[PDB]
Each structure stands twice: as structure tokens, then as C-alpha cells.
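Here we start with a single chain on its own, the form deposited without the ligand, put down as C-alpha cells.
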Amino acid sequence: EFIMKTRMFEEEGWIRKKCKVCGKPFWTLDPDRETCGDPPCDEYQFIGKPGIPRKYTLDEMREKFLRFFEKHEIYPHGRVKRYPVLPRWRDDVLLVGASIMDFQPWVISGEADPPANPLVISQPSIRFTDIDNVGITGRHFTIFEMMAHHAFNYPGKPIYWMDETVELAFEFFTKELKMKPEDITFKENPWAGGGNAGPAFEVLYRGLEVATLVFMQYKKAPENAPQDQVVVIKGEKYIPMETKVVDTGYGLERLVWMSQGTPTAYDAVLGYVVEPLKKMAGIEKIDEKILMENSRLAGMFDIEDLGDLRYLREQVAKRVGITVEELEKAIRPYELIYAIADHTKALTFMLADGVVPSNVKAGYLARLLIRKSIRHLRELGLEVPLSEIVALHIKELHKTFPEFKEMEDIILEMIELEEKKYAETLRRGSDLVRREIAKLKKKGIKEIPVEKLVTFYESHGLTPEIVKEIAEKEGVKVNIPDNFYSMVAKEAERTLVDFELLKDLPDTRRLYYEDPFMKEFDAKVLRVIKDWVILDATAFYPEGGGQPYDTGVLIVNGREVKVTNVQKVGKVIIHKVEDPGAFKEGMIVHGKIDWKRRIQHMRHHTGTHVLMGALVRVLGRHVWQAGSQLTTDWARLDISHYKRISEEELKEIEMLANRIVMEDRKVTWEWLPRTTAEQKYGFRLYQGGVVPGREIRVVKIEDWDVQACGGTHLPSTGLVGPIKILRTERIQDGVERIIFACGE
């Protein structure tokens, strides 16, 4: 269905074939190749025999890639600093799972400018879909770096496309990495990621997929899309888009593994943790071919799709010449070490980038990794705090990722607190599940359902091997599924008046953006739906961003009519009035805002921002808004935070906030293109979540705080008056609330 002929293929003698095993199309220079180069059609050929002629570390390979694209003489790329693994710019995914997620939805739609075009990036990426594979297959990670060159071809502005992408890829592999040209295949296989899809190549070499080259030209299909949708790859329905995006992904770890030829990718990437762990646990060397064969055979073996690891192990057992029991005995301590090594690295990135362990979203996933790793350490017989293993990653990685050093105290404390609380969680959970298990076998069935085992973790915090040893006392039957953690992880993703009657009306001019001190204005009545009056312009603030609506009056024919509620539907502002019959279309009215109410809201709104700057400085840079609500008399600010705020801390925060009020710092706002705002201020802009639009309204307190914000603010901090913190309290794991009052 997709034509993927290129200039390079045509000019350089590449032959399109159909793989004799999987039937997929692939391109090769090798006249005797009949298979695509992808397991199980081909096998890993580089283990014990590096396919790249010189060895590379992570730092070397990453820089090799970045520099190649950056300094390219024909297609120079702008080097872009990696994004946090927490996608502050979007509300639809939990974690960055690919480099392209940095540029969705805003860059791809054309709502944001690309940071550079074309660009090159090495993006730390996290995926939980293969978590049970980690340590088991020799190749799977939860945390990895996807190196990428991206080009955003908006209509009318071509950058580069399919021809140049295959050439750049081939040039990097053959000229920079000295890989054998005829061993490289381009397998046609459509791809998708984070809302978009298109035709793609898998670039295969010595049995390993070393890159994916995706030509994104489709977007997630809207509900009830007509005749021509295209079904691709996982997600089904898509429709064409005008913008064509080059979406590449080169696995840093895989390329390093290709250069090392070690039994597992973990030995090539995580030796600095794997080897101390071996030594600490006193794990003796085992037969090297056990690891090698397992990795090789695992190339052909998925487990997250079918529960057949048992057969992978029967295969590697026969190959090695031992039984499955003695195989399990030998390899198990290594699987445990590999998982610990990987999980502690994932956590280093996650917590450094602002993930707070909790029972929700990405915090839920961090907590999952922490608990799994602690349980792995116990099975190894290793009595070491997890924070000590996390510390080994900070030590190794902080020179490339300075943020790890800067956040180290907080990262290690978060790990320590999670561990020390988990011991408590495990006592209470063990009894509650013992009672439930005893009650289930008392009257009903003595079998543990897979869903109840999932419920056991995410309700009582206990891992399935703990459940089974309590259960096999009375009321037996374990059956821990091979994909237990993959299923537990997927749990983290668990999810005024009318319209079309105001689609025809133009945008309400927002006079409150023109002057926050405007309290009176004249305007024309455009529409009266029920008791909602729509004006062409208004100084009435519509409820949003934690700030309640303005109230006041509209004066019509001398008569005063109360405005009791103000909302926004799309871009049209609606005013609730006590006497709608008084208002007719075309009528010009005088508006009067309840000023006491407005100014009290403004004091708490700007005061919230003053407080935010104080919170970040006292508590740490993981502090981020989880929620906000203002009233006339008080405000609340909810923040992601990992412990109770002590009374002394509260006073430190209060002193700092009031110091800034006393300094009377300027508070300013302006509209900026979103990528321009992001590159200048960072992702801290997105406190209240992510705001749509080509341009975002940025509210800045000089040298203190900056947020994308649509509220009414005071022009200086002195006008807030005293800030008095009344209360701190926990809302849930990972969320602390501060209640405060602003003004004399």
C-alpha cells in the first residue's frame, strides 16, 4: 500500500524483496539475502562478535550521533537539549516514550514552532510495556535514549523527506560507525506514536533493529471519519495531514551493544551498577553461553504477548545442555541484578525530572519501580538500601546530566521514604490479604484470580510472590503471570450552558486583559440565550484558572441588573443576569464590576504566584502545581511534594513570600509564541497545565516566578499585602495543600 522507493535505493542498486519468513517487504544490497533481517526471520549475529569495529561508551555514541547531524555539510541540524521525561507540555501521555513526543501535539500541528528545523536530539524515554522482559531477555529496558533527527515539513516549506532520511541514516551507519553496508536492511513496516502515524523503515543489522525511520503523514482519526481512513500498526484509524514529519529513533543502548558484543545489552550499558551488585551479593560467574544463548533465543521470543517464557527456557536449557531447574538457578540472580540496575536508572531520571512517588499517574509508576526493585533485592538476599543503588547512577551519570547532582538530596530522600514506608505498608497489607484470602476459601473458591492478584498490589501494595507464600499456607494456587507488572503498570493510565447557539458569535474582546484595573465599560448586547447575556466586549472575568468569576451589574435603560455568574464557552463569554428580559440584541449597556471582589481575587492570584516562587526555593524544584483555588478571603495551592511541610518550613516559606511582597517586584504579562516562551523560561510555565494557542500569555514576577496564565494580576507584589499561611495538609500521597490569606 505504501510506496517507499527512494533515490538511494534506485541509484545504489538496492533490491526490494519479500521476506520468505514474514512476507514483509525489505530492501537489500545483498543478492543472496531472502529474509528481512528481523527475528525470528534472522538471528542475532553480533553477540561475541561486535558489528561495529570499535567499542563505544554511551557518552561516545551519543556525541558521535549528535555531532554527525549537527555538523552535516548538506543538512546541518540544530542540536536540542533533551526534554524532561515528564511531558509538562501535554496532558495526554504520562511519560515521554519516544523523541517525537517532545513535539506533539503543538509542533506537529504547527501551533508551535519547532525549536530547530531540522533538529537533532537524544531523548531519554521510558516504557513500561516491556517491564517483565527486563533482565529476562538481555535487551529490554524501561529507560533508554532515543537519538533522533527530526524534520518538520509544513506545507509550502520543504525541509527534507524520505530520500534524504535513508541517505543520512546509511551515511551515519557506514561512514561514522563503519558498519558493513550489505548487512544493512530497510524493512517496510508502518509505525505510530503518540497520536500520529505513517509508512516506516526498520533498519536492521546483524539481527538487531538499530533504527526506525517513520514518515508521519497521518493523524489520529476523528470520531465518524468518512470513507478514507488508514488503519496502521496499533491504534487503527488515521486520516491524512498536510504536514509531513520525519520521525526517527536510533537506540543509543542498542548501538552501544552492537559495538560491544556482550552477552546482554545490560553488560554494555549498566556495568557500573551490574558489577557492584554481583560483588555485593557474592554472585559468582556462570557459564557465559547461558546469557548469550538466552539473549539470542529471546530475540525470537516475546513474552508480553504470550505467556510462554517457560518455552524460551526449555530451548536455552537444551542448547546449554542442562535442565530448566539448574538453568533457573544459574540465570535468576542475573535477571534480578539487571532489573534492579535498569529500574534504579529509570527512577533517577524520573525523580530528577520531577516525578513524585504516589498512587497516581507517573508517581504510581515510580512507586511501582521502587517496590519491585526492593523485592528483587530481597530475592537476591541483598540487604542494601535502594537509595545506595540509585546513588550509583547519580555518581556515574551526573557529569552528562548535571540535574542528577542538583536533585540528589531530594532523589535519595524520596527513595528512602518510599522504602521505609513500604516496610509498614507490607505488614498491614499482609494481614488484610490474609483475612481476605482466608474468607475467600472459607466460603467460596480456593483459587487466586489474576485480577485479584492485580488488585492485591494496587490496593494493598504487595507483590505477587508475597501473596503466594501467605496463600500457600491455607487457600493455595499461585499462578503469577509472566506479564504481571505490565498489567499493573497499565493501571496508571486510568482516566456551562450550551453551544452551536454561540458558534456564530465572534470572540468576546477581553477588556480585563487590556486593563486589570478597568471596573467600568460600555458594550453591545450580541445575544441572549436563556438568562445568559453575550456582549461584544467585557471587563467581567469568566471563571477559570482557579479564579472565580467577577460579579457586578449591567446598567440597561437606567435599570441596574445584577451579573451573578460569568463563564466562557469556547471564546465567547456569557453573563448570568437576574433580569434577561431587560436585555435585547443591539442594545448598548454599561457594565460595573464588583471591585472589592475583583481586587481580593487579584491579591490572592498574584499572591499564589509569589507563594509558588517561595515554595520552589524552600522545598525543591520537583514542586509543581497540582491544583489551585482562590476566593475573596483565602486561597489554596496544592503542590506535588513528597513529605509533610513542617511548621518551621511553613514559616520559612511565609517569610520568603512576604519579603517579596515587601520588595514590591514588578509583575508583568505579555503574549509570546509558545516555543519562544518555552526556550526562554523552561517548562515551569505550565503550572496550571497546558494552555492551547499559537501564542501564550506569560505572567512574570521579576526574578521570582513565571507561568502561562490567563488571570487578572496586580502590576506589583507590594499590592498583594501580607501573605498569611493558615494551614498545611496532605490531600493524598504526593500532594500537599497550603491554605493562605492575602491582604492587610
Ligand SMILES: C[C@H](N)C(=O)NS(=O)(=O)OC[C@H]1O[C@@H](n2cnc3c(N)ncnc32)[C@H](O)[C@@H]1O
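We call the rigid core the largest set of C-alpha positions that still match within 1.5 Å between the two forms. One rule holds for the numbers: they count along the sequence shown, beginning at 1.
Below: the form solved in complex with the ligand, not depicted.
- When the ligand is superposed onto this form from its pose in the bound PDB entry, none of its atoms comes within 2.4 Å of a backbone or C-beta atom, and the site is therefore classed as open.
- Residue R127 is the only one of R665, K220, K576, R127 with a heavy atom lying within 4.5 Å of the ligand in the bound PDB entry.
- For the options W191, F152, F173, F456, the one in contact with the ligand in the bound PDB entry, meaning a heavy atom within 4.5 Å, is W191.
- With a 4.5 Å cutoff on heavy atoms, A98 counts as touching the ligand in the bound PDB entry.
- Under a 4.5 angstroms non-hydrogen atom cutoff, the ligand in the bound PDB entry has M146 among its neighbouring residues.
- Although the partner is absent from this view, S122 stays clear of the ligand in the bound PDB entry, with no non-hydrogen atom inside 4.5 angstroms.
- In the bound PDB entry, the ligand stays beyond 4.5 Å of every heavy atom belonging to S259.
- Contact with the ligand in the bound PDB entry, defined as any heavy atom within 4.5 Å, is confined among 86 to 94, 274 to 282, 524 to 532, 136 to 144 to 136 to 144.
- Just one residue from the list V232, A489, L397, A116 crosses the 2 Å line for C-alpha shift between the shown form and the other one on a rigid core fit, and it is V232.
- Shown in the overlay between the shown form and the other one, fitted on the rigid core, is a CA shift at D91 smaller than 2 Å.
- For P31, the Cα coordinates differ by 2 angstroms or more between the shown form and the other one after the core has been superposed.
- Relative to the superposed core, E288 undergoes a Cα shift of 2 Å or more between the shown form and the other one.
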